[PDB]
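Naming convention: chains lettered A, B, ... in sequence-line order (proteins, then strands); numbering from 1 in each chain.
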Amino acid sequence: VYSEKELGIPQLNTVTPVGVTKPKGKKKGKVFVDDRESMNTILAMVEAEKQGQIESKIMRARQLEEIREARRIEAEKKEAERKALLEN
Amino acid sequence: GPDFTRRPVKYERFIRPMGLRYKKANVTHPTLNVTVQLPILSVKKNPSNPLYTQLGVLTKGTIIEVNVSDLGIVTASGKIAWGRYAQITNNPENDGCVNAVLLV
Amino acid sequence: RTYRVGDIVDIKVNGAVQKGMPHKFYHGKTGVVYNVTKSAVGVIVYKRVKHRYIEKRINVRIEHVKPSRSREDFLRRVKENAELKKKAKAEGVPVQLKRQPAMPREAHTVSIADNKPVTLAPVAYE
Amino acid sequence: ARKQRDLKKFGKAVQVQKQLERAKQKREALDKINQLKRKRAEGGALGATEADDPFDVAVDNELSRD
Amino acid sequence: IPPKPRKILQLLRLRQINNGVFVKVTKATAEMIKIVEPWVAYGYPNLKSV
RNA sequence: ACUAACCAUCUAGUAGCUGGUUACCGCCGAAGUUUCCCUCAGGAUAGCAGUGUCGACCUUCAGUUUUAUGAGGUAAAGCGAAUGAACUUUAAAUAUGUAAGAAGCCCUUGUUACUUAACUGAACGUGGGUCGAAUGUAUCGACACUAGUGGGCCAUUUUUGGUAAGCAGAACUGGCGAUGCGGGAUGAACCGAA
RNA sequence: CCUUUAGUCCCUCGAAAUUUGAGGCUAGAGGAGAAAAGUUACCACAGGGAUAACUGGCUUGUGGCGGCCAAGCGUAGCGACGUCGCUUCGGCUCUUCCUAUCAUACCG
């Protein structure tokens, strides 16, 4: 058993998009996360994974919904940052 | 040295018995031909194993740092020396003591 | 130094340069070359296992490789061998072209006048 | 597999070389200590306490400053 | 016996013990006998011996 | 919704493992190893032994000496030679690599697409001159095919390192492994001798 | 850019007065690149290599280290006796042997 990271295994296009890939052995630019909104999105996923299985259908929906609102706020915040930087 | 200390997990498996511990040594001054029992301050280098230096193992040819305040050596600046190197010149495992010669 | 293929060479192994250091067994050996490169030179050295020779192909550099004079006597012998053979035919006297291995010495007399022997002792007391 | 095969048959020779190297390191360490002994006896120039740096740079510095 | 003296005895036709040969003295032959000394006894024969 | 026992047969189930494997005499007779591939107890090649064919007829070869020349200038003598292991006229002991013919060396001028300022060099050709140390030789080489082998133990000498002393590792050679006999009162490692 | 080394006591800054510290100068040493890389007589796990394991004229009553002295060896180094300096276990047993003898015998 050996890690796929250790082997130089090409990345494959699937239902999950590969996106823009980065060359190996080069500067993969650090994308810092420091906003409260960006931290909230990551935190919601972590909490959802730890909680795991919930028997209630409504309680399961609410856990998914709070991640959706966290994503929406982060996207709105980053959009406003782009507009301010582009305009001013 | 210290009565109680917490060791790194590297060395938390090497146990050193109480009976094998020494705190003083018979240190000889070559110039002022005399020897005085002087306390040991630190082990600087054991020229047999770097691990032994970390563990403080006293073997033959080991450099230790001793408190020479009682002798009263006057330095070139006029101060009184408080610590000097000393090389163990015996086998403390076979002879139940530590003998050293001051590096002066 | 310009060295060609097929020339017999000698290996000296100097400690000035640590690059291309051969083993102590290969130090001070004589062999022929089989390939020449910019810096390294390949030689063939055949060494006995117990009876058979196995040809080691090792690489050595210019600072250790020097030519040899092993054959130079053989070319020297044939040139005079040609010269005296033609020379012998001219005058008409036989000449001997093989080399004889140091025959023992013949008889002679040694005089004592003005060379009186000096008596010696097992340990010199002077 | 190839790397283990070299470790297969070179294993004992590396053992003896390591023992020879460790003995050599013992000789050099004792030589440097003995060299310091001669220098102090001949002359030297110190402070109240010995140098705080480890006992390889301190010896190298002292033998260099002469 | 080391390999070097073994070859000399073969070259001198001294294959068995108490084998004798006639050799003419020569620096080529003198050095050969000097190597097989721990196995041979040699000297100068007279007319009766021959 | 899902997923015990005995009898006969498939079955003489699957082993790399254990034990065993059947007259005599003669002849020839080993290896315990280099190298390469591969991790699954292994294969290939070469070496040793043998058979067949072909080519040469001691033709030719050789764990040897001599000669010439390297790496060892290591000892020694002197400094009424100079200079000062690191000095030298000379030079030890000691092993040790290479070479010693017509399967050879040089010269020569014809060509060449190579090369040169050039018929100039190099290659391809022509001709010229006691066969060029000793000793031994119970033959040498080439090709194809076939079987058993892939360990090591001890000792001398040299050498690397270490211990209070032990000791550990390399190189050569020798003894034992496939060996009987004489001696050491006896006997894997000793001496003599097969 | 700082730190070390030697130098002219060559310039500046700070301090105290009857001297210093820090910079500056001369030339030696340390510090393709945010992807990862190197390194350890260390630890944990997995695996590999050398190895069945030790002692057999073994053991016993007088310490080690440093100096002084020291016949020699030798032509500086090794150097004893002394002196100075610093201090698994317990119980059970029978027969015989040993002496390194507790007692009984005899001696100084």
When you compare the protein's N or O atoms with those of nucleotides 190-194 of chain F, which come within less than 3.5 Å of each other, and at what distance?
none

Using a cut-off of 4.0 Å on non-hydrogen atoms, how would the nucleic acid contact of [X] be classed: base, sugar-phosphate, or nothing?
X       : answer
B/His29 : nothing
B/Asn26 : base
C/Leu75 : sugar-phosphate
C/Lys89 : nothing
E/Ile1  : sugar-phosphate
D/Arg65 : nothing
C/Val95 : base

Donor-acceptor pair present, [X] side chain and [N] base, under 3.5 Å:
X       : N      : answer
B/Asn99 : G/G64  : yes
D/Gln15 : G/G49  : yes
C/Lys79 : F/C105 : yes
B/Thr28 : G/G66  : no
C/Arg77 : F/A68  : no
B/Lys10 : G/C42  : yes
B/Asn90 : G/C65  : no

Is the [N]-[M] step stacked (ring centres under 5.5 angstrom, plane angle under 30°)?
N      : M      : value
F/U130 : F/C131 : no
G/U101 : G/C102 : no
F/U35  : F/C36  : yes

Just checking: is there a Watson-Crick or G-U wobble pair between G/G63 and G/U87, both distances under 3.5 Å?
yes
Identify, residue by residue, the members of residues 49-79 of chain B with a heavy atom below 4.0 Å from RNA chain G, and return them in order of residue number, or none.
B/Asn49, B/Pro50, B/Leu51
Tell me whether the side-chain N/O atoms of B/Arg13 come closer than 4.0 Å to OP1 or OP2 in G/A44.
yes
Identity of whatever pairs with G/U26 - Watson-Crick or G-U, under 3.5 angstrom:
G/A6
